[PDB]
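Trainee: Fold the following, please.
(12 chains)
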Amino acid sequence: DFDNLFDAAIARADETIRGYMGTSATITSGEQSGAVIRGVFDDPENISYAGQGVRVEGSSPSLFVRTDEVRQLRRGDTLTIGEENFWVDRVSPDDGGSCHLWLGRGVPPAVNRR
Amino acid sequence: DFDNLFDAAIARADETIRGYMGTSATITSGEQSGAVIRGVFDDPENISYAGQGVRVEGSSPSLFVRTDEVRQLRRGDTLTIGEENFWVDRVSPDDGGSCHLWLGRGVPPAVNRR
Amino acid sequence: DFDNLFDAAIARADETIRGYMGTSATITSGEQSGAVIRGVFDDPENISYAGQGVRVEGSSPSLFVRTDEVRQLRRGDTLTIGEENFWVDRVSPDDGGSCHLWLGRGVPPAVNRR
Amino acid sequence: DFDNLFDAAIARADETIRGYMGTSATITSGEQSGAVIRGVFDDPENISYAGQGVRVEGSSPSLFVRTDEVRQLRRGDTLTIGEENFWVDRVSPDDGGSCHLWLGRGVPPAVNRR
Amino acid sequence: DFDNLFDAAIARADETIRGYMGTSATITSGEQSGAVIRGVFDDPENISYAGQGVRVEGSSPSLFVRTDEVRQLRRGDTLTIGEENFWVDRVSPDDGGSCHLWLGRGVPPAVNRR
Amino acid sequence: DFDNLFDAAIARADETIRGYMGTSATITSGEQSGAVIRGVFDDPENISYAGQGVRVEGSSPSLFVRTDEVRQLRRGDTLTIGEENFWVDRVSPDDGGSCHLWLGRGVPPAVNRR
Amino acid sequence: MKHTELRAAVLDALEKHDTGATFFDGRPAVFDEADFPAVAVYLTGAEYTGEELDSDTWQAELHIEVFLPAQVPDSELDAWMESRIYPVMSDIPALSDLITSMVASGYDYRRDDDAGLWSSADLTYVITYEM
Amino acid sequence: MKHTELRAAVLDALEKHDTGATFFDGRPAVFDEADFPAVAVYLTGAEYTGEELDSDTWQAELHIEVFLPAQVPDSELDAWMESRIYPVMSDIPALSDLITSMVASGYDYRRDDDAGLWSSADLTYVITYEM
Amino acid sequence: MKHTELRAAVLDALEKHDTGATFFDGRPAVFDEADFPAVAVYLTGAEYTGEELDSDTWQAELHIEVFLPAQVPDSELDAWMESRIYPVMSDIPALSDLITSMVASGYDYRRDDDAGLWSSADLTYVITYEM
Amino acid sequence: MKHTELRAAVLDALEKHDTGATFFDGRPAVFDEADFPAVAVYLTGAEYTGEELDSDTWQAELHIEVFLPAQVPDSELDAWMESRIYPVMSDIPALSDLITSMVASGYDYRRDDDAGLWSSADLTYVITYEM
Amino acid sequence: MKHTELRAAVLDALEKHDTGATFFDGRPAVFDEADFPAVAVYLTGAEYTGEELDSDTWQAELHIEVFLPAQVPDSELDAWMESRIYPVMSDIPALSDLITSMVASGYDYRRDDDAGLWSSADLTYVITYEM
Amino acid sequence: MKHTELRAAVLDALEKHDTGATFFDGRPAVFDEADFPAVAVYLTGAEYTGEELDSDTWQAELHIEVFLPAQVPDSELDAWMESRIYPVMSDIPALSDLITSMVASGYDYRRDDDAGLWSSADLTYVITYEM
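Mentor: Numbering: from 1, shown residues only, chains lettered A, B, ... in the order given. For reference, the structure is listed below:
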């Protein structure tokens, strides 16, 4: 398929780890509108202190989804993790077989471009 | 129940480690009120000098209990570990089957809600 | 040819790895003009924060081709990999049998020589 | 002795390692007055520079004795290790089966409490 | 030779690696004048930005010479690597059987001793 | 003598390693004065630039010899590593079976005590 | 000091309007994702500017901050500051009873750089009080 | 405040000029290599310059940042400054009615040091206004 | 020397009121989880402000620190300081006899940020004396 | 903007004499060990101080940076600047007419402490120009 | 030269009374736990404020540093620095011979933050002397 | 040029005095442990203070440095500087004719805190000259 001899194994490994690790997240809105994908979700904890005490302890959701199913995902559209809903804040470049979707909570803040 | 084939394994792992390590403590106050939950309490050291010498050597207690009973725990409520008394001040996000609980000592300082 | 008994082996290793995991790259412009080489493309990601906050998202693509063909390439010329077009910004020194190629995106910004 | 399955093992490990490593120490003053405690003594080096050159090379001795017998010790107390005399400046909390003892040198410095 | 039982083995080992690794080089000028020494030449890449972008990217050649025959190599005399000439800048202290030779590029800049 | 069943073993290890590496040397002046002791000498390299550039590339001579033979050494003591001459500037506290001798080169700079 | 009842009065004067934000008083804050965009006020300064030999006539500065999650556009912060804080606090008789003079000093923006978990707009006023 | 309205007005006045570069409002930015060289605009300062006991007469600063690809020579930045922004803003009725006095303050360059991702050019004005 | 003398005098002045906070003197302090909210007193400065050809008449800064556990709200800090600290040095004959003149300079707050072990409030006063 | 043509004119003037260096224009530079000792010219500042009620009368600063390999002695740096740039720029008719006034400000040196792959000498001038 | 003579004279003036501490001259110090609490004197500054067209009349700043164990309370530090050194240094005829004007500057405390290896106090004294 | 001949003349003035130290000119220095305690001279500053219209009268600064063994006490540095350089720098006819005026500004010390392989004693001269 591709002149790699290695990316094929990479893609097979990615499919296997999607199957054995992670959950099914369905997307809402955007050009994809409603669609169901399999991805491994993680949510590391991050805290900022700002002034004297402004502990705003939060989370940094990532999904690590294959680029093929998330082509032209844009940023404004939202995402749902089963019962929970998110919105894609950024998309990493593909490493060869997939990338990472970094998510924020709630509703995206406006558009603010024109 | 778990749509991953791996979260069941991680739940078994967490219950096994909580059964073979740590202790059980009785939650005090809060919506749980009288109840007993088993976790793995650790407590590293923390040092702050403030001024020239104002060293306030203390401790950083953590519990790391599973996510099921840690729900509706809030922050102001207290907790007694064995014979000692503590109180929850921060809860980590779920790592898949559990979350870390950070414990201060004595009485929580006020509420200052409004 | 190589007075090391090690340079031949490392060159063999580099050739084998480029064959078994690399991809075709179509150099455009420059003295080589239209030509085809084999390189191990990668696109590590980096983020910059300008001002109070500016999430300028980008990456630093690299190729790591052998030096023998990468000779006489300079910096002004561009590169096309499959469907993607890049342009060389810097060539690392030879490690013995190869060197990294750092790529920008799109058109190189002017020349600004004299 | 506890709902651990692990603390008993770690306590046996602590007593074995105290019998195999470290030496006896004769406490002086304090509520224990004259008593013998087996602890794993170490004397790492730490040097400050203060001004331009004020190298004040010394040591940061530790004893790291078991938790149970370290109670009711405080800080103004001192101790002797064979031929040499020390004084405890810090005591760590129990990590599960023991606790470190951080030592100064010579006579404890004053009281200065009120 | 020497009351080491370890430095002799070190010398044998480094002589073996010098034979099986690196290249031979011809020395120009200096008290050694025309001489050839086998050493492991490498050249890591180092860059500097000065202002925001003034990229002055360069490299730092090293040789890992053996003191036994690179005695009194000084700094002023130049060194030819294959068909290219560099110049010695730093000679590291002997590890017991050898040391490191550091190279600039081109001709050393003046002398400026007086 | 050694009440640990480990101190004798580590002393044997230290004497074996000192006999198997680092050769011996002699002491010039000092309380020991004429005395030959076997140790493990090393010369790590250090660089400083002071001003704009004043590179002062040099060594950090260390000996790491047994503690008993080097009592009452003080700091004005000198010695010679065979043909090379040194002077002890610092003595590390014993780690249990050994101590580090940190030495400078040439004549120690003055005394400036009283 | 009077700063306790001063903070109480100013927060009451703030809350008289429509709600929509947590009003954590003083410093502890601690937000998490439950009490999103909110307001918090506190005091700093408290020197001995005398300026008259009849009373100490101390002075300090109040900082009231609006915190909004993530990277919301600055227009929302501008509108919130101009609608929820600026006019309502402009005339509070109780504060004029507790203090002598109230004067605006500054109003700035900031936001976190690592993961940008927050974005705050700060407003500082200068207060002259006797104690 | 009027900062949102004034920013929108000046943004529309700039957008009246020929397009070709995106006109992101405010500060959150977030570009990615899809909306390359473009411009953003926002406000800072907002102090309490009274100058008279008749109105607030506040003063602030207007920041305009134009972003160019990586390491383009600064000649292009000068061309963009004198071809897109600085001359066209010399006379706009909207700002004249919205604000009292506007003065140019600064015009500088700065590009990303590590990895040389971008190159921003800053134009800073000082504006007096009311609320 | 009067540093120890004045430190003891102010320490006893605080002690003569109600207790409830430890009374660490000097500098080393060292609290641990036994010596929570407490008070310390020390001096800084010690210049050569002559100001008169009769004696050195030095002047310095008296610092009084009160330490509280972790994230106690600032209002409690204000209440504690006013109920315990501020009035006692309003008039002390020992202060009058020991030094020449005493005057307050500032009252500030700070807190531990990394792991938040402690919080502190400082009373800084200017003390002129002839040792 | 006349900055580009000003740089072009000054680089032509310094190219009037003998070559021996590269003539990078503006910031990006990119020297590398193939474009051995070179020179570049760029501008900073560009503020809006009027000092005459008729026009903008901007003022900027001009940097002329000459780059030499690594650790060359400063004596040859002085010889380079006293032969290649400083005399040649002492009087240029095109540059004299293009700007209003020209004054020298300073002349200094820089070098890479770590690694040490370059040595730069900077000529800083102040230029008053009208646009 | 005078600095060696000045240091010798001041150290002798220290040694006249009862001992109790090492008198490390110069600067390099190097203590270890065998020459514990001790005192050293060193010099900095060396300016050329001429003030008269008869001689250089240079000025310097002598620091008398004293080191005590780790975190000893400031009580013994005050006792030492107001009784052991301060009174005896108030009048030294040899320095008055060698010094034009002798004016006190200040006095300070500090503690070793990392691991508390020492506690130090410094008498800083400005000197006007002619070489 | 002027800097080259100034450095040559001062080096000659040092060399005519009793020698014993290397006379490394220029910035690169580079010592290793064989050219120990030694002197070097270099120049910085080079600004455009006017003082008249007929002559430009640039002023600069002369750094004079000497390097000694690591933690050698300051007595050796004082003796060396005040016996071998400062008396020599009292008057040199070559420097007198080459420059307009020479004045003394500063004299300081430094040493390698980490590693500790040297001690540096520096003098800072101020020179006014015309080119």
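
Trainee: Identify the residue spatially nearest to the residue sitting nearest the centre point of chain G, adjacent ones excluded.
Mentor: Compute the mean C-alpha point of chain G, and by Cα atoms, centre = their mean the closest residue is residue G:64, 2.0 Å away. Spatial nearest neighbour of residue G:64, chain neighbours left out: residue G:41 (4.3 Å); criterion: Cβ to Cβ, 6 or more residues apart in numbering or on different chains. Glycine gets a C-beta too; all of them are placed from N, C-alpha and C.

Trainee: Tell me how many other residues crowd residue G:117.
Mentor: Using other Cβ atoms under 10 Å in any protein chain shown, the number of residues around residue G:117 comes to 23.

Trainee: give me every residue that touches it.
Mentor: Applying Cβ atoms under 8 Å, 6 or more residues apart in numbering or on different chains to residue G:117 gives the contacts A:46, A:47, A:48, A:56, A:58, G:69, G:70.

Trainee: So which bits of chain G are right by chain H?
Mentor: G:71-75, G:78-79, G:81-82, G:86, G:103-109 (Cβ under 8 Å from any Cβ of the partner chain).

Trainee: Among the contacts of residue G:117, name the ones in strands.
Mentor: Judged by DSSP state E, the contacts of residue G:117 include A:46, A:58, G:69 as members of strands.

Trainee: For those, which entry has the maximal number of neighbours?
Mentor: Highest count within the ones in strands among the contacts of residue G:117 by other Cβ under 10 Å belongs to residue A:58, 24 neighbours.

Trainee: That one and residue G:30 touch, don't they?
Mentor: No. Residue A:58 lies out of contact with residue G:30 (Cβ atoms under 8 Å); the separation is 11.8 Å.

Trainee: Identify the neighbouring strands of the helix or strand that contains residue A:89 in the sheet and state each direction.
Mentor: If you go by DSSP states H and E, residue A:89 is part of strand A:84-91. Note on strand A:84-91: by DSSP bridges, its sheet partners are strand A:78-81 (antiparallel), strand A:101-105 (antiparallel).

Trainee: Just name the most buried of these.
Mentor: Among the strands paired with strand A:84-91, strand A:101-105 has the highest mean neighbour count (mean count of other Cβ atoms under 10 Å in any protein chain shown), at a mean of 21.

Trainee: What are the contacting residues of that strand?
Mentor: Here strand A:101-105 makes contact (Cβ under 8 Å, 6+ apart) with A:39, A:59-65, A:70, A:73, A:79, A:86-92, G:33, G:69-70.

Trainee: what residues are up against residue G:36?
Mentor: The neighbourhood of residue G:36, defined by Cβ under 8 Å, 6+ apart, consists of A:106, G:68, G:69.

Trainee: between the residues you listed, which is nearest residue L:47?
Mentor: Nearest to residue L:47 out of the contacts of residue G:36 is residue G:68 (Cβ to Cβ; 49.0 Å).

Trainee: beta partners of that closest one?
Mentor: Assigned bridge partners for residue G:68, using DSSP bridges, are residue G:119.

Trainee: can you pull out the strands in chain G?
Mentor: Applying DSSP E to chain G gives strands spanning G:38-45, G:59-69, G:101-111, G:118-128.

Trainee: neighbours around residue G:100, how many?
Mentor: 12.

Trainee: That one against residue G:130, yeah?
Mentor: Yes. Look at residue G:100 against residue G:130 with Cβ under 8 Å: they come within range, at 6.9 Å.

Trainee: For chain E, what's its nearest residue on chain G.
Mentor: Chain E sits closest to residue G:113 of chain G, with a gap of 19.2 Å, by Cβ to the nearest Cβ.

Trainee: Could I get the contacts of residue G:36 in a markdown table, plus columns for distance to residue I:118?
Mentor: Formatted as a markdown table, those follow (distance: Cβ to Cβ, whole Å):
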| residue | distance to residue I:118 |
| --- | --- |
| A:106 | 35 |
| G:68 | 30 |
| G:69 | 30 |
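
Trainee: from those, which single one is nearest residue J:60?
Mentor: Distances from residue J:60 to the contacts of residue G:36, taken by Cβ to Cβ, are shortest for residue G:68, at 39.1 Å.

Trainee: got the contact list for that closest one?
Mentor: Residue G:68 sits next to G:36, G:37, G:76, G:77, G:80, G:118, G:119, G:120, G:121 when contact means Cβ under 8 Å, 6+ apart.

Trainee: quick one: it and residue G:75, what's the gap?
Mentor: 11 Å (Cβ to Cβ, to the nearest Å).

Trainee: Equivalent analysis for residue G:34, please.
Mentor: Relative to residue G:75, residue G:34 is positioned 25 Å away (Cβ to Cβ).

Trainee: who's more crowded, the two?
Mentor: residue G:75 (19 against 7).

Trainee: Identify the residues contacting that one.
Mentor: Taking Cβ under 8 Å, 6+ apart, one finds A:110, A:112, H:4, H:7, H:25, H:26 in contact with residue G:75.

Trainee: Assess the claim that residue A:38 and residue A:21 are in contact.
Mentor: No. Applying Cβ under 8 Å, one finds residue A:38 not in contact with residue A:21, separated by 9.4 Å.

Trainee: Which of those two has more residues huddled nearby?
Mentor: residue A:38 (19 against 16).
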